[PDB]
Amino acid sequence: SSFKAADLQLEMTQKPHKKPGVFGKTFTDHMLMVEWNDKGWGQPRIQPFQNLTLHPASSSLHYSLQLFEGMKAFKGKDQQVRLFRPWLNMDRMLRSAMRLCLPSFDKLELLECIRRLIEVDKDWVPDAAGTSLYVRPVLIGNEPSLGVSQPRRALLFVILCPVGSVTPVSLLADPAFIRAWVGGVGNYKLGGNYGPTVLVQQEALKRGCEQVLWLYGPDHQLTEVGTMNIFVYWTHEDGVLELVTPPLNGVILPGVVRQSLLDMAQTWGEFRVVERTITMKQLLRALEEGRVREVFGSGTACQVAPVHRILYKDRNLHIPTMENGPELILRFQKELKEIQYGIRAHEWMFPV
Amino acid sequence: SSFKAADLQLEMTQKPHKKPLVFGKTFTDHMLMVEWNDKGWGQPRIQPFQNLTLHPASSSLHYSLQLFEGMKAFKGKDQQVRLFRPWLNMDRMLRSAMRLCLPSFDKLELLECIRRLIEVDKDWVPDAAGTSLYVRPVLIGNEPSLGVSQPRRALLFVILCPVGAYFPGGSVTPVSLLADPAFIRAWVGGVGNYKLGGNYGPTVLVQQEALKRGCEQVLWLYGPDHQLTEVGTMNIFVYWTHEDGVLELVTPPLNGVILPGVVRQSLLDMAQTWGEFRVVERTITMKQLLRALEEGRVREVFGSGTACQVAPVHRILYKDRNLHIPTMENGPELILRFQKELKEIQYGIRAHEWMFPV
Ligand SMILES: *Cc1c(COP(=O)(O)O)cnc(C)c1O
Ligand SMILES: *Cc1c(COP(=O)(O)O)cnc(C)c1O
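What counts and what doesn't
Residues numbered from 1 in each chain as written, not as in the entry; some residues may be left out. Chains lettered and ligands numbered in written order. Heavy atoms only, no water. Residues with missing side-chain atoms left out of burial classes, pairs and counts. Helix = DSSP H or I, 4+ residues; strand = E, 2+ residues; numbered from the N terminus. Rg over C-alpha atoms; globule rule 2.2 N^0.38 Å. Buried < 20%, exposed > 50% of the residue type's maximum accessible area, 1.4 Å probe, protein only. Pairing = 2+ DSSP bridges. Right-handed = clockwise from strand over helix to strand, strands pointing away. Domains from an automatic or database assignment. Contact = heavy atoms within 4.5 Å. Nonpolar A, V, L, I, M, F, W, Y, C, P; charged D, E, K, R; others polar. Buried area = accessible area lost by both parts, 1.4 Å probe. Polar contact = N/O pair within 3.5 Å; in protein donor to acceptor, adjacent residues only side chain to side chain. UniProt positions renumbered as here; feature names shortened; annotations may be inferred. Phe/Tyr/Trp six-rings, centres within 6.5 Å; stacked < 30°, edge-to-face > 60°. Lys NZ or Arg CZ within 6 Å of the ring centre and 35° of its normal. Disulfide = S-S within 2.5 Å. Near = heavy atom within 4 Å. Areas by Shrake-Rupley, 256 points an atom, 1.4 Å probe, with all protein chains shown as cover.

Its PDB header names X-ray crystallography as the technique used to obtain the model and reports a resolution of 3.2500 Å.

Asks: Break down the overall build of chain A for me, with residues and values.
Replies: Looking only at helices and strands, chain A has 7 helices and 19 strands in total. Against the 2.2 N^0.38 benchmark of 20 Å for 352 residues, chain A shows a C-alpha radius of gyration of 21 Å, consistent with a compact globule. A principal-axis box enclosing the C-alpha atoms of chain A has dimensions of 60 × 50 × 35 Å.

Asks: A description of the pairing of strand β10 (residues 169-173) of chain A should follow, citing residues and the corresponding values.
Replies: Residue and element names in this part refer to chain A. When you tally the buried positions in β10, you get 4 out of 5 residues, the bulk of the element. Bridge analysis of β10 against strand β17 (residues 305-312) gives 5 bridges, and the strand direction is parallel. Across the sheet, the residue bridging to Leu-172 is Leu-311, located in β17. Relative to strand β11 (residues 211-216), β10 runs parallel, the two being bridged by 3 bridges. In the sheet register, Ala-173 faces β11, and the bridge partner there is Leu-213. Between β10 and its parallel partner β11, the chain crosses via helix α4 (residues 197-205), and the hand of that crossover is right-handed.

Asks: Account for the domain arrangement of chain A, with residues named and values stated.
Replies: Residues and elements named next belong to chain A. Domain annotation for chain A reports domain 1 (1-165 + 342-352) and domain 2 (166-341). With 34 residues of domain 1 at the interface, the matching set in domain 2 holds 32 residues. Going through the elements one at a time, β5 (66-68), β6 (71-75), β7 (81-84) and α2 (86-99) are the ones with two or more residues in the side of domain 1 that touches domain 2. Across the side of domain 1 that touches domain 2, the residue classes tally to 13 nonpolar, 11 polar and 10 charged.

Asks: Mind laying out the interface of chain B and chain A, listing which residues take part and the relevant values?
Replies: The partner chain A presents 58 residues to the 60 residues of chain B that form the contact. Summing both sides of the interface, chain B and chain A together bury roughly 4,800 Å²; the carbon and sulfur share of this comes to 65%. A per-residue breakdown of the area chain B buries against chain A is headed by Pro-56, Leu-61 and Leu-146 of chain B, which together make up 14% of the total. There are 25 residue pairs in polar contact connecting chain B and chain A.

Asks: Break down the UniProt feature "binding site: substrate" in chain A for me, citing the residues and quoting the values.
Replies: UniProt tags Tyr-134 of chain A as "binding site: substrate". Structurally, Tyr-134 of chain A can be placed in strand β8 (residues 132-141). Assessed through its relative accessible area of 5%, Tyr-134 of chain A is described here as buried. Excluding anything up to four places from it in sequence, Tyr-134 of chain A contacts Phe-23, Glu-69, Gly-70, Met-71, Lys-72, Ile-159, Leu-160, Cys-161, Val-163 and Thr-300 of chain A together with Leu-146 of chain B. A polar contact of 2.7 Å, which involves the side chain of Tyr-134 of chain A, links it to the side chain of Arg-136 of chain A.

Asks: How would you sum up the packing of aromatic side chains? Please name residues and give values.
Replies: All names here are of chain A. Applying the stated criterion across every chain, the model contains 33 aromatic pairs over all chains. An angle of 65 degrees between the planes, with centres 5.3 Å apart, marks the rings of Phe-74 and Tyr-341 as edge-to-face. The pair formed by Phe-74 and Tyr-341 is uniform in burial state, with each residue classed as buried. A ring pair is formed by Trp-268 and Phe-332, whose centres lie 5.1 Å apart and whose planes are at 25 degrees; its orientation type is stacked. Placement of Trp-268 in helix α5 (residues 256-268) and of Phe-332 in helix α7 (residues 327-340) is noted, with a sequence separation of 64 residues between them. One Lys or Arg, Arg-179, reaches over the ring of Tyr-194 and ends 5.2 Å from the middle of that ring. Over the face of the ring belonging to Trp-268 we find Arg-331, whose NZ or CZ atom lies 3.6 Å from the ring centre.

Asks: Can you break down the pairing of strand β10 (residues 175-179) of chain B residue by residue, with the values?
Replies: Along a regular strand, successive side chains alternate from one face of the sheet to the other. All names here are of chain B. Counting buried positions over the 5 residues of β10 gives 5, a clear majority of the element. Both faces of β10 are covered, namely the face carrying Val-175, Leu-177 and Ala-179 and the face carrying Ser-176 and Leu-178. Pairing analysis gives 5 bridges linking β10 to strand β17 (residues 311-318), with the strands arranged parallel. By the bridge assignment for β17, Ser-176 is matched with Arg-315. Of the pairings in the sheet, the one linking β10 to strand β11 (residues 217-222) comprises 2 bridges and is parallel in character. Looking at the pairing, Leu-178 lines up with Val-218 of β11. As a crossover connection, the stretch from β10 through helix α4 (residues 203-211) into β11 is right-handed.

Asks: Talk me through the UniProt feature "binding site: substrate" in chain B; I want residue IDs and the actual numbers.
Replies: Mapped onto this numbering, the UniProt entry gives "binding site: substrate" at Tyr-134 of chain B. You can see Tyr-134 of chain B is positioned in strand β8 (residues 132-141). Setting aside chain neighbours within four positions, we find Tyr-134 of chain B in contact with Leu-146 of chain A together with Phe-23, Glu-69, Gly-70, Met-71, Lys-72, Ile-159, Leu-160, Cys-161, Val-163 and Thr-306 of chain B. Polar contacts involving the side chain of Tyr-134 of chain B include one to the side chain of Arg-136 of chain B, which spans 2.7 Å.

Asks: Hey, could you go over the state of the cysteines for me, with residue numbers and the actual values?
Replies: Chemically, a disulfide is nothing more than a covalent bond linking the sulfur atoms of two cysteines. Using the criterion set out here, one finds 0 disulfides over all chains in the structure. There is no disulfide at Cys-302 of chain A, and the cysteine sulfur nearest it, in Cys-209 of chain A, is 17 Å away.

Asks: Requested: an account of the site of ligand 1, with residues and values cited.
Replies: Residues and elements named next belong to chain A. Neighbouring ligand 1 are 16 residues, the closest being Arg-92, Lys-189, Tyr-194, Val-256 and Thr-300. Within the contact set of ligand 1, an oxygen atom lies 3.0 Å away from a side-chain nitrogen or oxygen of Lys-189. In isolation ligand 1 offers 390 Å² of accessible surface; the protein chains occlude 96% of this area. Among the secondary structure elements, those contributing two or more residues to the shell around ligand 1 are β13 (228-235) and α5. In terms of residue class, the shell around ligand 1 is made up of 5 nonpolar, 7 polar and 4 charged.

Asks: Describe unusual backbone geometry, naming the residues involved and giving the relevant values.
Replies: Put simply, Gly-325 of chain A and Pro-326 of chain A share a cis peptide bond, and its omega is 0 degrees. Relative to the assigned elements, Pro-326 of chain A resides in the loop between β18 (315-318) and α7. For the bond from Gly-331 of chain B to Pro-332 of chain B, the omega torsion is 0 degrees, close enough to zero to count as cis. Although it is not a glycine, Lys-313 of chain A adopts a positive phi angle of roughly 50 degrees. A positive phi is found at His-226 of chain B, a non-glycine position, where the angle reads about 60 degrees. Assignment of secondary structure puts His-226 of chain B in the loop between β11 and β12 (227-231).

Have a look at this one:
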């Protein structure tokens, strides 16, 4: 059925790594690990940070039967650690698992195991300004077989990273490259979605841009920004101030922060908050008519990323985000910072 | 620059096992292994069949920085092993590597390493009817980092499997296909035309959705006009009399959604050398097929891959309606011919430039 938090074994480290005096390069001393097979879910293990022992014909390495998740744990002023809406990360992880025919589990049980893991490495969580602990739960197929079938053996593991912007980012809008397709798997956080992006990412760095803007369809629809969802604060063609983000139709990943920004903006009710398709045509005109206020990306890595420049077909489009405050961005960050670092009590935060 | 066959180290096993079977579950005693890092390509290693030791943040397991290849080694009557057009598998592997920002290597050097590996496990190659050794070269990223970037560290390894007749007795069973346009394998400007693991993971759910609707494999439709692209892990062919009223063999052209199959190319080359009928690479729609079936113009529909050289198709389930494909009633002449000549070429009965001796 599922692994239990009650059966959790604790093997403490006898070779603890040095704490720092760089995103996802420094790792903590401990990692969660649960195996699945014909018999079912084994006992969950909090083991020291070891290497993985995989069969050369492991489905994870051959047919990309792999999925992951990204959520942050914030140590507040009272020095109590809290996870930001971890339930939505657990929801999206199970939806990913069912898509790749990997074993289903109890969401609340895995959360408790991740809670206990962070409890053990409690000292690894930084309490510095704009710093957190990045949680990386992973589920992979591990059947020793080259058959493209439902894996008989799987492996769920979690690893932690201490992590450390006021600066805006430049985007490359090249329609030649397609991240995901309607009826694809773009709306699941599967490794398969990322491998292809690495070439497109370095093609952006070599054209001056920092991150990629992913266009889809002949009408060149704005979908995502690298590993972030996209928002546009602007006065629409109807002449009404709205916040718009592409809707969940298969190409867009349902971001936890994306959903949090919509929920937060809806509760204000001060301006219109819609999920509608955004085309380059709409933006080029909106920029021409000076209707665009702020463009930004939302992810775990970057909570609210200001966008100042977009390179599209050898022409630089200046986005006037920073000239317009950026009001909405600074507001979102402020309230998120208050919620996350415990300054303001909220139902979203899950205490360790 | 690249690893060399001259620097190849040989660590022999000391526990050779089995030699009895099901596809890609039984493995040989030895495996090739070359590591890449900042310094560059290390010495290539023929080691015993061990497990892999990967960092928990290995790019291969997180961001699917992984690609593979599939080619067969055929032990002839003279008991000499030969690889079927291995150069094209090496070409497609390098094109895959460049797409995922993985290190480029010398194609001829890796082939020589794979040749030496099969030379060591020469006894593992079966000489039974319709049996071969399946070769599985793999290249993965192995940088201990959660950054979505070009991997600083990689790992190239090759493993071997003895495999059985896809069709026992020489006689061939046909397959049922599910044509559901709701599911999309690849997209134009995607990575469908590269043999990357990322392309396959999503197919497993669509494959079991076919099994539970009676069908055996999936037919992948693309676009609003419902273009026939691929069959599961095989390219698709249609032997028929076209609307112009001429007998032709047609397969979807290489435009990003189609993987350039070694066998696909081999069937085109072989049919072109005959010059007995028209051989074209043109888009095939369901409309064209539904009409061609209605007018009884369809002779044979089949899939081509390494696993299945020539797969007969007898049934296609499309919009909750079963389309009968008259492949088996028409011989199948072209299929049986293709298999016969391929079998003669591969098992050494007929000498050909395509075969590479071990
Ligand atoms: C991880 C990721 C995001 C961010 O997800 P959040 O839950 O909002 O942190 C956005 N887009 C893509 C493509 C991603 O992979
Ligand atoms: C692996 C694969 C094939 C087989 O390619 P060959 O080189 O002909 O063996 C065909 N189509 C798809 C989609 C594949 O993934």
